[PDB]
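Working notes for the structure below.
As the structure lists them, so they are numbered: ligands from 1, and atoms in each ligand from 1. The sequence lines fix the lettering, A, B, ..., with proteins before strands; numbering per chain opens at 1. Reckoned from all heavy atoms, side chains included, excluding hydrogens, waters and symmetry mates.
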Amino acid sequence: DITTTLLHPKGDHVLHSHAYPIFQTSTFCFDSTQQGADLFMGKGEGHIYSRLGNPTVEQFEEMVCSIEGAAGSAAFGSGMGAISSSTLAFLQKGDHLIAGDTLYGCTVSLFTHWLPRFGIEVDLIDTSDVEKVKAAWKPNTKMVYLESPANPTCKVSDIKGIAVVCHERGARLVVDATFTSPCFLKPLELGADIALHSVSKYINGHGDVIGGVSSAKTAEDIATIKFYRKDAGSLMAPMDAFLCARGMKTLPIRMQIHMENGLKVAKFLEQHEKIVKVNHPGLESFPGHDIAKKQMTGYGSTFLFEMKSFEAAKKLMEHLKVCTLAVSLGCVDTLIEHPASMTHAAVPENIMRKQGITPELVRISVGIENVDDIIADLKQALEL
Amino acid sequence: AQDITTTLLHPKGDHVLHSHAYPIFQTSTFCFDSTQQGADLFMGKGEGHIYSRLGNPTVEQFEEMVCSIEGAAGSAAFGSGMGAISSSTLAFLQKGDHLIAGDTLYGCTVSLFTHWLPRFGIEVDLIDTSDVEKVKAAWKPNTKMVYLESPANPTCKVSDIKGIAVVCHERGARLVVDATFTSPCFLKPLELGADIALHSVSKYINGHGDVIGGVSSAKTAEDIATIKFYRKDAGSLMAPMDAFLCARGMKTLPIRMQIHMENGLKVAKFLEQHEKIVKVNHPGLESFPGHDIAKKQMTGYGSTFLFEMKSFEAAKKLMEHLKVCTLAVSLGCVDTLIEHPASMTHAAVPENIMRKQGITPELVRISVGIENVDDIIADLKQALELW
Amino acid sequence: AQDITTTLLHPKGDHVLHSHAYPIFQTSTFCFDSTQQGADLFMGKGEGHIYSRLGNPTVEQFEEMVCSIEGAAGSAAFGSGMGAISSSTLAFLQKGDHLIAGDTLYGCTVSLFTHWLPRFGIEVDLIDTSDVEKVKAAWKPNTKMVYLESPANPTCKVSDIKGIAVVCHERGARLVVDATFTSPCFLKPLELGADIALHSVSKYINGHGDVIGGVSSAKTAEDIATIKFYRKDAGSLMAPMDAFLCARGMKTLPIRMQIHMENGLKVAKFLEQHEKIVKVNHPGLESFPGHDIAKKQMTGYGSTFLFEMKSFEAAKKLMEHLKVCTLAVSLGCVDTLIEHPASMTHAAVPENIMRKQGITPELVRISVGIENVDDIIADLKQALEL
Amino acid sequence: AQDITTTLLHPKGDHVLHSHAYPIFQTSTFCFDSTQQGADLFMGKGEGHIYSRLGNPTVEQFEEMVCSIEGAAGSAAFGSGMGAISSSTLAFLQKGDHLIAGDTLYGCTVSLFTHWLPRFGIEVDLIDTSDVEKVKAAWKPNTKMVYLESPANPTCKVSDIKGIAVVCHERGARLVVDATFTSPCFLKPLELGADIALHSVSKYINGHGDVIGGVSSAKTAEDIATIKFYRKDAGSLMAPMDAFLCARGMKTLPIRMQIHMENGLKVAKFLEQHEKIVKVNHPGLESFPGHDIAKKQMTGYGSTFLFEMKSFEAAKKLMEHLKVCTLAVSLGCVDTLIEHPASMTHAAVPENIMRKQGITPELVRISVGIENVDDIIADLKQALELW
Ligand SMILES: C/C=C(/N=C/c1c(COP(=O)(O)O)cnc(C)c1O)C(=O)O
Ligand SMILES: C/C=C(/N=C/c1c(COP(=O)(O)O)cnc(C)c1O)C(=O)O
Ligand SMILES: C/C=C(/N=C/c1c(COP(=O)(O)O)cnc(C)c1O)C(=O)O
Ligand SMILES: C/C=C(/N=C/c1c(COP(=O)(O)O)cnc(C)c1O)C(=O)O
């Protein structure tokens, strides 16, 4: 399994240190002018300046790279840094982007407010249907951007299918795989060109850092991403890379519990009288199931369910003793949130409708607490 | 008027659990009391926090410190100076807009303005901003922004910020000034007419060579809100631990800058009179073109400057035989740094731009630290006197 | 009743500024509202903080977490396991007192008991604590404390904590137990009758090999107050950053221990049936001397144990041709560690005490991590075939 | 002779992976090349590391900086000043030995010496060490150590270190000096004859009020080894992150101490001439007993000192109405702190020792920071002139 690989990453120890040191430094010394000049031309081994490359950050990069099966990986200050760099490194004025109609709030914001200002045409469309992608296609389409399962509805897209369309028609396929982690979803393995995550979520898993990572199938593309990063300036700080690498050491073990717990909570909720419906990709009733079952080796533990009214949703969210009312996901403890008024509050009403987000929906992120304790907490907030 | 040393040591805000040092909020998310209290914070209603990308208390304390020396309506911290530059430009500029920028800029700003902006349909001209008439001559009906570095990295070329600000204000353009080389102790672009002042905190502000970060300050509440809206989507964030270090570094900014200024001038004068040195580009020297603008618009000088040797081989012999100065890029550190712009910080700048910047293989850039100045001068002197 | 996994993920206490992760109070000192309020806090009156050596909120959060698994009146965090050991013993023992300690202990514990305590006028007898009668026989009118590790470092020798605690209760002596090797998931000494339970946090509790720290937990409020009073003067503090990392590490302690246990047992059994191996000392093996006491007193096992090679040359050959296991001291990390006690962790212990501990150039100690066991066995197997 | 400022900015030792800032070795253990190479390291042969309790690279960098200003054979870092004091005393003293210590000491040092040492069969007398004759009169055949704090916390009482060192040297006792209040910039006890100089690093050395730590330096390789042998068993360690912060703090130590010294003297003179102030105990004042000794044995003054108000009520009124000084214990921070010894730092000192120490409810201790001195003085003045 992946645990051994993550505990035994490639490369040398620094001064025989067992834990890899924190290179809390901005700059690096040169042995000579020639050696420094050589490093700026990409010749020889070594470092220059932490924005171009930091050993502690590179160590975390290598960890993600190996699990993704990439040619390379780039860490950023946030998921949004990885997202904006994995798109604006490639898209320019006159290009067209097709994006999933259902996305994290700030991704909607990026694609909807910023890209069109830079002359980039953007269409949000229902990517759970490959033919809708073929129809939205234009002669200037350079990229398709997917989340799958999507935030917050878990809507599934056919990554393999869309990848074939992209390869045939000369477009990059970019997949935000935050919700599932690289334990269970490896988009590069499905034909995607770029796979990215908010490391703030499962990969770090401890709710104490914000970070992003992007991984590219080709050496050229990862180099472009790092060239953009050098100029856009969204970096992972060395301390944060130390914590992300450290949190990643328990990643495969944490996901196993996340997946089993998310599944059990979802079923509990699904057969409860108070719950209209549960959107979990691992349920036989959920419309994305057959594709998700086939394209993923497991499931994350964040999903959405429907209450009968706003009052009922508020009442449930406000009477949990173990679950915490908070945005974010993928933390070791259970989080709960209300998309309409929180993570997706700023989404234009028209895109809101297309996503199917209403005041009755509540989103949960199941931690690794004992399941029966979290089922019990939900139970008393539902019935009592 | 309370001195700046005092202001930086006593920033406004409540203590947290009576802690003397401001804690490190190494957290991603924040808890809500109720769905209403959370919904409201997302609406901008009420006091509190949601998520560190949107606002982190440790970072916010550092932003308050900066906002207070700058005299701004607000400040935003970033993962790097480049994060601050991207967000202070691309937050306002859009396809069809025109930017006038100084022709002498930090190499990666050159790359940003030259490779990325045009790909986004932004028109860019690099102009000699030391001449206001040339800025006027480059102006177009669609000009939206002027971006300046003064003194410029690495040649110390001085631009008339005041004079340029008048033209921006008459014609509806934002004036954005990168004041990294001088620090906000000595250069306050918002007091000179700029709309935005920004810094690589990586340099003087932090001062200890152990953090990369950026900060941008705006004259107007609206502009700082727009910048932070961009930051939220573009994602260049200062990490809580890095904010804690920069705020800590900043506690000694005024006294460090006083020593930097005085050391830098003494080193420049020593070099200026040395047989081996052809020319010294320090804006505090009377021989420097633009000394008169610099002395009127600033209140001191940073300690990073450029000088000319007789040859490239002479520059290398100097650079490689120092025992106190360290050969490395960056600047504004407590210890003295030295580098060769032509093959290092500015090695990727396109040939025509490098020629217009005046960067040759004979040039050496020094960033003088806070060591005893006699030790620094004796180190340079022994290297210049080598067999 | 809430499960321990849930308990560790939901520590008691107020959030600071609504922060989800508990903040790192990297501060030395704290402000007072008024002279009266400062003065009151110095007298233990009212709620609040003064100075991090007396108490730091980040450190106290970690302390609360540990106090909960142990079932203690209170816990104290220190700069190291040795700080915990020194403070848990010398806070109580004074000139003329007598201490009985297990004869097989961590090397620096031996150094502490054998070099420093007798200089402070404290009499120390190291005796075989796996036999309760040898404890009774070694007793004196001035015996104030019994100190144990079980299973012991590095031989895993098991003592009957519960039987020894009865003797201590009867005779007016504190029982102090170093439970580092087992973690508080599996061994809770305060539940067996011990007065104090301590750990090198550097090991399983943190579990990520990147911090050094100690913790001590006491059955009574008066004893933990005494320990903290010693700590105020001796000055072995846990740093706020390290407390943040230990609390964070501890968030996964129960799942990590479960894997450590099952992994360790599988590796012990593989070695027990390999022809190159004379014996395996794992308290969870049916063939191990104190197995019955250990099954009864503990609810699982740590994954650090000792095995015997045929010669020094074979032991060396094994340790130096492993590709996954790392040659290094320490234990309880996420990754597998391996060490040669005779020349490393216990190199400094006097011949005298080494004879009685049964440590020889042929013993190798492994600390099995949470890697896939099949990878650890494959590494071991490959080295044993050269 | 290279200045101390330069020396601290340019410490000996190789760079790690060419990193300009020294990395933080947040690790517990270290890998061995072979069983022989590890065996060797346990015997003390070869270069390298084993385990962070025995030695950590980031902590050793901080130790070398301290060793370099002290002039020592080696230094050892601890989790606190109290860890440095414990390990500097109990590593040497054993049952039957006798210690002479100053009668005016930091509260917890009093607790250590009067509560813990006697329990270990060590005999202790607290003596007025400002009188060398009183030290000689308290000497016994078994005296093994004299421990001094000078100027003492909180009364600034001055001991003659040099004169007392002569007696220690003649009679085979170690002289241990706690030099926390003055910093190693201004007081170097190893140059005056001490065997051991120690500090709470939590104060001036780190300077930023965000770390608790201790350091002890010895004149002899054998003594520093014994101190470290004790440390490995007593377990008071400086954490790698804390060592990183202390080393970074120490980079500005000389300039910070220069401002502390000047500010502190100016505040003392202001208070000394103020109608509301009865007496000022600053060892830099001509009116202070022991000024002549302090001026001869130190090359400057710390900025923490004590003054006497007309009453407890007057003291409380002053302490509670300041806006730039912060009411809190500790000292040597960049910002100004103020404290009431009688009910705070020394509230736990036995009545007899407190009468000997001279501590009354009328005394206020101020630790003067690096704020502009006019701002600090104006803040004191407005509080002293309250309705
Ligand atoms: C508060 C944030 C939430 N999500 C964020 C997120 C990001 C953005 O990642 P940074 O937050 O920039 O690291 C990217 N991609 C996905 C699928 C996401 O869900 C949340 O929903 O609760
Ligand atoms: C290695 C870096 C050098 N400069 C950087 C720099 C930045 C960029 O700031 P970050 O490096 O992104 O924090 C922005 N603005 C100015 C005037 C700069 O000098 C250097 O010159 O040596
Ligand atoms: C290198 C250290 C090893 N052990 C340490 C240890 C300590 C001491 O704990 P600090 O090292 O002070 O945290 C206390 N108690 C026990 C049963 C221990 O094994 C080791 O054996 O490999
Ligand atoms: C709050 C602390 C104060 N003092 C401390 C101190 C220590 C003890 O050092 P740690 O505090 O253990 O680093 C040792 N030696 C001296 C002369 C001291 O002043 C104080 O006075 O206000």
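A:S200 OG, 2.6 Å is the protein heavy atom nearest to atom 13 (O) of ligand 1. Considering only non-hydrogen protein atoms, atom 9 (O) of ligand 4 sits nearest to D:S200 OG, 3.1 Å. Among all protein heavy atoms, the one lying closest to atom 19 (O) of ligand 4 is D:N153 ND2, 2.7 Å.
Residue D:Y106 holds the heavy atom nearest to atom 3 (C) of ligand 4 of all those in C:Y51, D:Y106, D:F181.
Looking at C:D178 against ligand 3, only its side chain comes within 4.0 Å, counting heavy atoms. With a 4.0 Å heavy-atom cut-off, ligand 3 is reached by no atom of C:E339. Here D:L105 has no heavy atoms under 4.0 Å from ligand 4, in either its backbone or its side chain. Counting heavy atoms under 4.0 Å from ligand 3, residue C:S80 touches it through both backbone and side chain. Heavy atoms of A:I83 found under 4.0 angstrom from ligand 1 belong exclusively to the side chain.
Taking a 4.0 Å cut-off on heavy atoms, A:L335 fails to register as neighbouring ligand 1. Not close to ligand 4: C:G235, with no non-hydrogen atom less than 4.0 angstrom away. Put simply, part of A:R363 is less than 4.0 Å from ligand 1, judged by heavy atoms. Under the 4.0 angstrom criterion for non-hydrogen atoms, D:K203 is in contact with ligand 4. Using a 4.0 Å heavy-atom cutoff, C:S367 is absent from the residues neighbouring ligand 3. Using 4.0 Å as the threshold, D:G213 has a heavy atom nearer than that to some atom of ligand 4.
The two atoms that bring C:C156 and C:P151 nearest to each other are O-CB, 3.4 Å, heavy atoms only. For the residue pair A:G81 and A:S234, the shortest heavy atom distance occurs at CA-OG, 3.6 Å.
Distance SG/A:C106 to OH/B:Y51: 9.0 Å, rounded to 0.5 Å.
Residue A:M80 places at least one N or O, backbone or side chain, under 3.5 Å from an N or O of ligand 1. The shortest N or O to N or O distance between A:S328 and ligand 1 is under 3.5 Å.
Taking every heavy atom of B:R53 and a limit of under 4.0 angstrom, the matching atoms of ligand 1 come to 8 (C), 10 (P), 11 (O), 12 (O). Below 4.0 Å from some heavy atom of A:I210 lie the following atoms of ligand 1, by number and element: 13 (O). Within ligand 1, counting atoms from 1 as listed, the ones closer than 4.0 Å to a heavy atom of A:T343 are 20 (C), 21 (O), 22 (O). Under a 4.0 Å criterion applied to the non-hydrogen atoms of A:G79, ligand 1 contributes the atoms 9 (O), 10 (P), 12 (O), 13 (O).
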